[PDB]
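Q: Chains as they are written, first to last, in the entry's author numbering: chain A, 2 to 71, 77 to 160; chain C, 50 to 179; chain B, 319 to 693. Note that the Cβ used here is the ideal one computed from N, Cα and C, for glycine as well. Mind having a look at this structure? Questions to follow.
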Amino acid sequence: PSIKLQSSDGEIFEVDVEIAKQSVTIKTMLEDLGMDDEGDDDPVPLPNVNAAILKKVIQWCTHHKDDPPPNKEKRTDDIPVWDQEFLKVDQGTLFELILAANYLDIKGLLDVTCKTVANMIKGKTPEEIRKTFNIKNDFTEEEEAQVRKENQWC
Amino acid sequence: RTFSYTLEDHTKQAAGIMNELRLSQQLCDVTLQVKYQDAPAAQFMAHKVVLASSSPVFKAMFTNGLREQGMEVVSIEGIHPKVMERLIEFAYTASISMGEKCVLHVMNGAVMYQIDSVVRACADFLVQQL
Amino acid sequence: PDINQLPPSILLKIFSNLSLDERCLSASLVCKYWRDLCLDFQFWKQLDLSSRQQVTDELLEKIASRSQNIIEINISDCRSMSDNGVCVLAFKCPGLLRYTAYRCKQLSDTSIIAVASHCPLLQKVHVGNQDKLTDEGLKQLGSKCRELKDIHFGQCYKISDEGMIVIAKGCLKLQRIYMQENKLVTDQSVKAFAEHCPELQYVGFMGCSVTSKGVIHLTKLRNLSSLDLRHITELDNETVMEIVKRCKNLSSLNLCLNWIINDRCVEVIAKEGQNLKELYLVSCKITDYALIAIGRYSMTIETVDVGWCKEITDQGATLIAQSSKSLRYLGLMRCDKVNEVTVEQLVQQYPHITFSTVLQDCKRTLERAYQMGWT
């Protein structure tokens, strides 16, 4: 088993087909495209993921090739250690990984990255969240009062 | 009148600082909701360690096998909140005090939680009221 | 870096991982975009209304009429609302999977009747405490929510054997069951549960009026993983021996407050317990022989607790710290015949083992407090 993908910037990564099957989009376009005899193993183009993010995603899927998937359960703080060590990147890389996991339809990576972002949001006042995420406070002192008025029951 | 009972052991330093920590409402992982007849659902906060160090029943109730979420709520019935408060005060300070008409309830709570020292103390007190 | 560049679906998925407090008091006040995102009712799904300074009642009916896309409801504490809000919420949410509401001692059985009648896809039902929970309101759940998996009825003294046997007849997929201090529930409920639901993994009858006659029927459950039999009426050693022998998937065994379990029984359990991981023997009238047998014969026990065991000494802990390879937590709580300097030497010359005594746990808490010290 072998599949050769091409990134949006022009780099080619050849990986296992069973590893790429974790991506629902990749395996779906593979089943639709190359179900019959392969045409000299043509490259698969991914125009929405560059090279470094694709390499990170390949690393994550390689480490997570034995996970058994059983959809709608309770939320905790599991986030396995290797996923944390892999997600010790800057904000740009994390957002690009989020975009790739939504694009490649990788539910595990999406869950882990969304939980990382939510932990980044947890335990911070709006003034701290706006600084950690670079978001301008478009609330006037009136609306900023109305919103917290409507949510007094917490 | 009023009866009292004080005990001295090896936790003379740990019990006091744990009691100060309890009074500070800081690190706590046990929440007791005591209810008795028409009394209010009194809510106490305490450490599992201090409660387990003085009563085997608390230790058995705290070994549920999984304490990931830290804070645990344990609803308690059949005992008046004042009796449970005096029991917790003994567990934290190794000293308890009671009125001459509340000795029976304190003894009932202590027997229910197998606290031998205050059980013997309340037995002596009930004998002396004759 | 810009969070708002992410599609609204990703942002809603991220906000779903935030608690209601963190979402309503912080996330909704970051900007108007996050305000409009968190204000949406579509991706609410699981909602946690625990305690909430008990501040809702008519708001329950408001949010019930708002969205039907709810799969899990947590109504722990919060004694404000009555049965009518729960009834209308059940009327408005048929696709409910998990129901949780601890210590709602003002809710009667009409609420659970309406729940059973208006959401059959229930899988997890945790109704701890809550007095006035009759069996006639319980047979509704027993006959209507056949898709149940997890059930918890802790300290519900108003339950007998009729409702329990009705629950046992249906709900064949029941993987978890937990009952504590529930009198009027005896060996009949345990037997009817063990022979009708082979899917059972977690089971507990703490403080119930159960004897060995009902406990021995749990051998029909070869999928038992955790067993809780604390402060239970007269459990002889042979019954738990047969339990450990038959139930080979047994991982956690709880035998606290059983004054008749001896050290020979612990030896048999450690030998024939190839999957035993956690063993709790608080107040069990044993001796050092039990710990020595656990160390010499069991290569899988990680957590052993002999709290308040009178006859445990220094040697009983030292030999099990030397001979047990899988041991990582020792429960030496209130073993007064154990010297504390010996425990200090053990924690100094034995890594990966968290020896738990009075002074040791107090010291751990004191270090966690001295991280923010005072006097």
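#1: Exposed or buried, what is residue 688 (chain B) when buried is set at 16 or more other beta-carbons lying within 10 Å of its beta-carbon?
#2: Might you give, ordered along the chain, the residues of its own chain that have their beta carbon closer than 6 Å to the beta carbon of residue 153 (chain C), omitting 5 neighbours on each side?
#3: Using DSSP bridges, identify the partner residues of residue 520 (chain B).
#4: At the 8 Å Cβ level, is residue 142 (chain C) part of the contact set with chain B, yes or no?
#5: Residue 591 (chain B) lies in the alpha helix (DSSP H); which residues open and close that run?
#6: With a threshold of 16 other CB atoms inside 10 Å of the CB of residue 359 (chain B), please say whether the residue is buried or exposed.
#7: Classify residue 90 (chain C) as helix, strand or coil using the three-state DSSP reduction.
#8: What residue range does the beta strand (DSSP E) around residue 532 (chain B) cover?
#9: Check whether the region 89 to 97 of chain C touches the region 597 to 615 of chain B, taking contact to mean three or more Cβ pairs, one atom from each stretch, closer than 8 Å.
#10: Whose C-alpha, out of C:110, C:83 and C:56, is nearest the C-alpha of residue 499 (chain B)?
#11: What number of angstroms, rounded off, separates the C-alpha of residue 562 (chain B) from the C-alpha of residue 667 (chain B)?
#12: If we define contact as Cβ-Cβ less than 8 Å, is residue 65 (chain C) a contact residue for chain B?
#13: Taking the alpha-carbon positions, what's the residue 695 (chain B) to residue 570 (chain B) distance?
#14: How about residue 485 (chain B) and residue 460 (chain B): are their beta carbons less than 8 Å apart?
#15: Shorter than 8 Å from the beta carbon of residue 417 (chain B) to some beta carbon of chain C?
#16: When burial is assigned at 16 or more other CB atoms within 10 Å of the CB, is residue 663 (chain B) buried or exposed?
#17: Between the C-alpha atoms of residue 150 (chain C) and residue 651 (chain B), what's the straight-line distance to the nearest angstrom?
#18: So does the region 542 to 560 of chain B actually touch the region 572 to 583 of chain B, counting three or more Cβ pairs closer than 8 Å?
#19: Report the three-state DSSP secondary structure of residue 52 (chain A) (helix, strand or coil).
#20: Under 8 Å, with one C-beta from each stretch per pair, do the region 395 to 403 of chain B and the region 423 to 437 of chain B reach the 3-pair mark?
#21: Give me the Cβ distance between residue 78 (chain C) and residue 120 (chain C), rounded to the nearest whole Å; I'm assuming they're in contact under 8 Å.
#22: Could you spell out where the beta strand (DSSP E) holding residue 380 (chain B) opens and where it closes?
#23: Given residue 64 (chain A), which residues of its chain have a CB within under 8 Å of its CB, disregarding the five upstream and five downstream residues?
#24: My output table needs one value for residue 112 (chain A): the three-state DSSP class, helix, strand or coil.
#25: Among C:66, C:56, C:136 and C:52, which residue has its Cα nearest to the Cα of residue 677 (chain B)?
#26: Taking just the CA atoms, how far does residue 154 (chain A) sit from residue 351 (chain B)?
#27: Is the region 70 to 89 of chain C in contact with the region 125 to 141 of chain C, if contact means three or more CB pairs nearer than 8 Å?
#28: Do residue 47 (chain A) and residue 34 (chain A) have their C-beta atoms closer together than 8 Å?
#29: Rounded to whole angstroms, what is the Cα-Cα separation between residue 114 (chain A) and residue 101 (chain A)?
#30: Which of the three DSSP states, helix, strand or coil, is assigned to residue 71 (chain A)?
#31: With a threshold of 8 Å on Cβ separation, who are the neighbours of residue 347 (chain B) within its own chain once the five nearest residues in sequence on each side are excluded?
#32: Can you confirm whether the region 463 to 483 of chain B touches the region 502 to 510 of chain B when touching is taken to mean that 3 or more C-beta pairs between the two stretches lie within less than 8 Å?
#33: Run the CB neighbour count on residue 39 (chain A), radius 10 Å, all protein chains shown included, and call it buried at 16 or more, exposed below.
#34: Considering only the alpha carbon of each residue, which of C:167, C:143, C:106 and C:136 lies closest to residue 60 (chain C)?
#35: From the DSSP output, in three-state form, read off residue 64 (chain A) for me.
#36: Run through chain B and tell me which residues come within less than 9 Å of residue 159 (chain A), C-beta to C-beta.
A: For this structure:
#1: Against the third sequence, residue 688 (chain B) aligns to sequence position 370. Per the 10 Å Cβ criterion, exposed.
#2: Here residue 153 (chain C) corresponds to residue number 104 of the second sequence, with the count starting at 1. Here the set comprises nothing.
#3: As a first step, residue 520 (chain B) is located in the third sequence; it is residue number 202 there, counting from the start. Checking the DSSP bridge columns, you'll see residue 520 (chain B) partnered with B:494 and B:544.
#4: One-based indexing of the second sequence puts residue 142 (chain C) at position 93. No, residue 142 (chain C) lies away from the interface with chain B (no Cβ there is under 8 Å from its Cβ).
#5: For the purposes of this step, residue 591 (chain B) is taken as residue 273 along the third sequence, with counting starting at 1. It is not in any alpha helix (DSSP H) - residue 591 (chain B) carries neither H nor E in the DSSP assignment.
#6: Position 41 of the third sequence, counting from 1, holds the residue named residue 359 (chain B). The residue in question, residue 359 (chain B), is exposed, as its Cβ has fewer than 16 Cβ neighbours within 10 Å.
#7: One-based indexing of the second sequence puts residue 90 (chain C) at position 41. In the structure shown, residue 90 (chain C) sits in coil (DSSP, three-state: anything other than H, G, I, E or B).
#8: On the third sequence, residue 532 (chain B) is found 214 positions in, with the first residue counted as 1. Residue 532 (chain B) -> not in any beta strand (DSSP E); alpha helix (DSSP H) instead, spanning 530 to 533.
#9: no
#10: The residue given as residue 499 (chain B) occupies position 181 in the third sequence. Closest option to residue 499 (chain B), Cα to Cα, is C:110.
#11: Locating residue 562 (chain B) in the third sequence gives position 244, counting from the first residue. Locating residue 667 (chain B) in the third sequence gives position 349, counting from the first residue. CA-to-CA, the gap between residue 562 (chain B) and residue 667 (chain B) works out to about 33 Å.
#12: Position 16 of the second sequence holds residue 65 (chain C). By this cut-off, residue 65 (chain C) is not an interface position.
#13: Residue numbering for chain B in the displayed model covers 319 to 693; residue 695 (chain B) lies beyond these limits and cannot be assessed.
#14: On the third sequence, residue 485 (chain B) is found 167 positions in, with the first residue counted as 1. On the third sequence, residue 460 (chain B) is found 142 positions in, with the first residue counted as 1. Cβ distance < 8 Å, so residue 485 (chain B) and residue 460 (chain B) count as in contact.
#15: On the third sequence, position 99 is the one that residue 417 (chain B) refers to. Answer no: the Cβ-Cβ gap between residue 417 (chain B) and chain C never drops below 8 Å.
#16: For the purposes of this step, residue 663 (chain B) is taken as residue 345 along the third sequence, with counting starting at 1. Flag for residue 663 (chain B) reads exposed.
#17: If you number the second sequence from 1, residue 150 (chain C) lands on position 101. If you number the third sequence from 1, residue 651 (chain B) lands on position 333. Rounded to whole angstroms, the separation of the alpha carbons of residue 651 (chain B) and residue 150 (chain C) is 34 Å.
#18: yes
#19: The count along the first sequence starts at 1 and reaches residue 52 (chain A) at position 51. Of the three classes helix, strand and coil, the one that applies to residue 52 (chain A) here is helix, per DSSP.
#20: yes
#21: As a first step, residue 78 (chain C) is located in the second sequence; it is residue number 29 there, counting from the start. As a first step, residue 120 (chain C) is located in the second sequence; it is residue number 71 there, counting from the start. Approximately 6 Å separates the beta-carbon atoms of residue 78 (chain C) and residue 120 (chain C); this is inside 8 Å, confirming the contact.
#22: If you number the third sequence from 1, residue 380 (chain B) lands on position 62. Looking at the DSSP string, residue 380 (chain B) is not in any beta strand (DSSP E); the run it does join, the alpha helix (DSSP H), is 376 to 384.
#23: Taking the first residue of the first sequence as 1, we reach residue 64 (chain A) at position 63. These residues qualify, in order along the chain: 88 and 92.
#24: By 1-based counting over the first sequence, the position of residue 112 (chain A) is 106. Coil, per DSSP.
#25: Walking along the third sequence from the start, residue 677 (chain B) turns up at place 359. Out of C:66, C:56, C:136 and C:52, C:66 has the C-alpha closest to the C-alpha of residue 677 (chain B).
#26: The residue labelled residue 351 (chain B) in the question sits at position 33 within the third sequence. The residue labelled residue 154 (chain A) in the question sits at position 148 within the first sequence. Residue 351 (chain B) and residue 154 (chain A): Cα-Cα distance of roughly 15 Å.
#27: yes
#28: Numbered from 1 along the first sequence, position 46 holds the residue referred to as residue 47 (chain A). Numbered from 1 along the first sequence, position 33 holds the residue referred to as residue 34 (chain A). Against a cut-off of 8 Å, the Cβ pair of residue 34 (chain A) and residue 47 (chain A) comes out as no contact.
#29: Against the first sequence, residue 114 (chain A) aligns to sequence position 108. Against the first sequence, residue 101 (chain A) aligns to sequence position 95. Each residue's Cα considered, the two are about 15 Å apart.
#30: Counting from one through the first sequence, the residue named residue 71 (chain A) turns up at place 70. Residue 71 (chain A) falls in the coil class under three-state DSSP.
#31: Here residue 347 (chain B) corresponds to residue number 29 of the third sequence, with the count starting at 1. For residue 347 (chain B), where only same-chain residues beyond five positions count, the Cβ hits under 8 Å are 353.
#32: yes
#33: To locate residue 39 (chain A), count along the first sequence from 1; it is residue 38. Exposed: under 16 other Cβ atoms inside 10 Å.
#34: Residue mapping note: residue 60 (chain C) aligns to position 11 of the second sequence, counting from 1. It is C:143.
#35: Here the question's residue 64 (chain A) lines up with position 63 in the first sequence. Residue 64 (chain A) falls in the helix class under three-state DSSP.
#36: Along the first sequence, one-based indexing puts residue 159 (chain A) at 153. Within chain B, the residues near residue 159 (chain A) are 342, 370, 371, 373, 374 and 377.
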